[PDB]
Amino acid sequence: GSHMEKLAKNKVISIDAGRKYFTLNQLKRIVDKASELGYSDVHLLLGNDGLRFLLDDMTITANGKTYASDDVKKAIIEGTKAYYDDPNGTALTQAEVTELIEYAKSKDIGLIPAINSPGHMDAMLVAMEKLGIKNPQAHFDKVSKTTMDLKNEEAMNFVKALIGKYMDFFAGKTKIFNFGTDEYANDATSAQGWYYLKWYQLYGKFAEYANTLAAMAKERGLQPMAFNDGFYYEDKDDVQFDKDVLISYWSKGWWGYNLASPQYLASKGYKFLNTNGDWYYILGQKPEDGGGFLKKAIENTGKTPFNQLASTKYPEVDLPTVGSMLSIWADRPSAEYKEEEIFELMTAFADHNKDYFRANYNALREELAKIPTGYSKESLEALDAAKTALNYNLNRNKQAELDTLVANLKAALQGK
Ligand SMILES: C[C@H]1N[C@@H]2[C@@H](O)[C@H](O)[C@@H](CO)O[C@@H]2S1
Ligand SMILES: [Mg+2]
Ligand SMILES: [Mg+2]
Ligand SMILES: [Mg+2]
Ligand SMILES: [Mg+2]
């Protein structure tokens with residue numbers, strides 16, 4: 001819409017730091033580049049197959065017992081290493097993530113944490129076995145290595161408590177919490193998890209789980225977010241879902257995976273974070289592999305409109321979104337993370353959408369930091385003038401405009 005509305009939208013870079021380890025410094029550099037290019041948020045998966053975040057206190061109370069903090073940490077490290085024993089590291093610490101959140105805040109970048117369940121939770125499943133919780137895995141064509149059995153109360157109680165502890169930490173630090181719910185038991189059903197849930201009359205139980213996670217988020221002052229997969233599958237509403245969840249919409253699925261259309265979810269009142277699959281890059285994916293390789297993602301930042309929801313033609317279909325999310329995935333977590341690839345993709349998305357993205361405010365912030373905490377009244381009026389002239393509302397089309405403003409502040413400070 002208007003200048004104001006476009007800049008009000010979220011522009012998100014998503015990083016799969018669940019499957020693959022990222023150091024605090026790597027994530028800080030991603031925050032840096034996000035701020036420079038005019039993004040508003042970094043979406044950070046911390047639970048996604050691997051579980052790569054440990055709180056200082058991981059004491060868990062569930063099932064009428066307590067699991068000691070040291071036992072929980074040990075079990076999670078085991079689970080994550082079992083998924084993929086990343087040579088770069090295992091888990092981020094509470095101090096590291098606190099530091100990341102604060103660093104992002106200083107640059108007007110939000111953090112959006114994701115801890116995935118009941119799918120994409122390999123590490124949690126093994127962790128639960130280590131803690132004496134037998135058979136946490138769903139069991140269809142085979143025993144799943146990724147997905148929790150909704151009928152296992154002991155495991156369900158534990159995971160809810162675990163997610164609550166993470167939510168407790170993010171409460172008052174982040175606006176949004178993404179509980180995921182994508183791709184239920186894909187590994188055990190030939191990617192037909194929702195069909196299998198329905199077959200076994202467990203889709204109502206899946207809704208109950210998602211509805212609970214959504215209430216948990218809201219209760220702790222977090223906007224709940226989830227991927228679209230499990231919501232109103234096949235545009236049916238015999239089973240109801242919480243209407244306050246922000247939907248990260250990425251795909252309407254494929255043959256035999258009949259996800260609800262964005263039109264149908266819009267009719268149910270959902271708002272969307274446009275997480276179009278067209279923009280995906282999977283680390284190490286090459287043109288010969290098909291799917292989300294870098295050249296395709298980069299090309300799509302131009303071809304797929306900012307507001308275009310997957311499975312729809314924009315503006316012919318124009319559904320309300322709060323903004324858009326470009327996603328970096330680590331399906332094969334041993335693939336090398338090459339920061340410049342991610343930066344080029346991030347830059348392409350911003351360059352194709354200069355009206356949505358902010359200008360680069362880093363030079364300005366550095367310059368304001370030089371303001372001395374007994375000068376001429378003439379030299380002061382000028383510093384006040386240049387300061388008053390600063391414009392914090394500029395988009396990426398107006399970098400030269402901003403640079404001039406900053407230069408005037410530089411001169412006034414040096415003409416002190
Ligand atoms: C919601 C996300 N679910 C899947 C994700 O785990 C994959 O990494 C990605 C790339 O294969 O594709 C989809 S998007
Ligand atoms: Mg088996
Ligand atoms: Mg309904
Ligand atoms: Mg995307
Ligand atoms: Mg690497």
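We count residues from 1, following the sequence as given. One-based numbering, in listed order, for ligands and for the atoms of each.
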Please state which protein non-hydrogen atom is closest to [atom] and give its distance, to 0.1 Å?
| atom | answer |
| --- | --- |
| atom 11 (O) of ligand 1 | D331 OD2, 2.6 Å |
| atom 13 (C) of ligand 1 | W250 CH2, 3.6 Å |
| atom 6 (O) of ligand 1 | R19 NH2, 2.9 Å |
| atom 2 (C) of ligand 1 | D182 OD2, 3.4 Å |
| atom 4 (C) of ligand 1 | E183 OE1, 3.3 Å |

In ligand 1, which numbered atoms sit nearer than 4.0 Å to a non-hydrogen atom of [X]?
| X | result |
| --- | --- |
| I282 | 10 (C), 11 (O) |
| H120 | 6 (O) |
| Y280 | 12 (O), 14 (S) |

Within the distance-only criterion (no hydrogens, no angle test), does the side chain of [X] pair as donor or acceptor with the backbone N or O of [Y] below 3.5 angstrom?
| X | Y | value |
| --- | --- | --- |
| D122 | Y83 | no |
| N353 | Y356 | no |
| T80 | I77 | no |

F177 vs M225 side-chain heavy atoms within contact, under 4.5 Å:
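The answer is no; the side chains never approach within 4.5 Å.
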
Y196 and its ring-ring contact (aromatic ring centres under 6.0 Å, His included) partner, picked from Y184, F206, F140, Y233:
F140

Can you check whether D229 has an N/O within less than 3.5 Å of an N/O in ligand 1?
no

Is the Mg ion (ligand 4) less than 2.8 Å from an N/O/S atom of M325, whether that atom is in the backbone or a side chain?
yes

With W250, the side-chain hydrogen bond (donor to acceptor under 3.5 Å, both in side chains) member among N274, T275, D229:
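So the option named by the test is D229.
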
Please identify which of these residues, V159, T181, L162, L125, meets the side chain to side chain contact (heavy atoms under 4.5 Å, CB included) condition with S117.
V159

